């Protein structure tokens, strides 16, 4: 199906939807969003995503322009119209003004609906490279629209798949992904005091609980990578994507590892539990 945008009460073809230049998302980068994906055309972790969207807006002093029930109504209606596997992005804008009450009270919203684009199967076979940077995401619980560092930082990337935020040599997360390290057959991942509360992350920790795999919620260190067996990044579109290189450092023997492939299989076998 054609890509859609829900804006001003209607589903438009995506390429026709426009936003007023007065909006502070355009002028000043004031915006939050979510990415929601489907399996068998059903939305995965819809409620957790919409609660995260509200968290992002409230933490950003943005007054929600619609109820979560209303956003869920729109998202379901658009997925039905797409009739295929879909990546859905609801956006909440700052709107035209920051009031004397220090809130954005005229927020706009729109929802993008696109045919899903999974990473190429070769990337799951070979794994990917990450480019570490000495930077952090501010207000890391908040998912804002600001991804400019993910792009401008590709000059020095050496064709890395994704940037990895490594402030002072402590690995937190990717620009689009949760990061997991594997040492001694268990999982190391940054705490959500420092990293986004990923929906895929939440599911992987539940799968680890079910499988009696130990999870340490601490920032893995760049200096620990020589001793690691495996690594992977997570997100709703990419699922579990093996990581075989970070900077100049090969992870383990430089191919996807057995615990990564195991968790990926259990994820896909289990996924129906979290569809809405």
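Numbering follows the first chain given and starts at 1.
Figure legend: residue 153 is marked as unmodelled in at least a third of the other comparable entries of the protein.
Set 132-140 against 145-153 and average the Cα temperature factors; 145-153 ends up higher.
Stretches compared: 204-212, 47-55. Higher mean C-alpha B-factor in the entry: 204-212. Within the group 185, 95, 167, 191, the record's highest C-alpha temperature factor is found at 185. The entry lists C-alpha B-factors for 34, 217, 230, 69, and the highest of these is at 69. Compared with the other modelled residues of the chain, the Cα B-factor recorded for residue 264 ranks in the lowest third.
For residue 86, the recorded CA temperature factor ranks within the highest third of the chain's modelled residues.
Compared with the other modelled residues of the chain, the Cα B-factor recorded for residue 127 ranks in the middle third. Per the PDB record, residue ranking by Cα B-factor puts residue 108 in the middle third of the chain. Looking at the C-alpha B-factors along this chain, the one for residue 40 belongs to the highest third.
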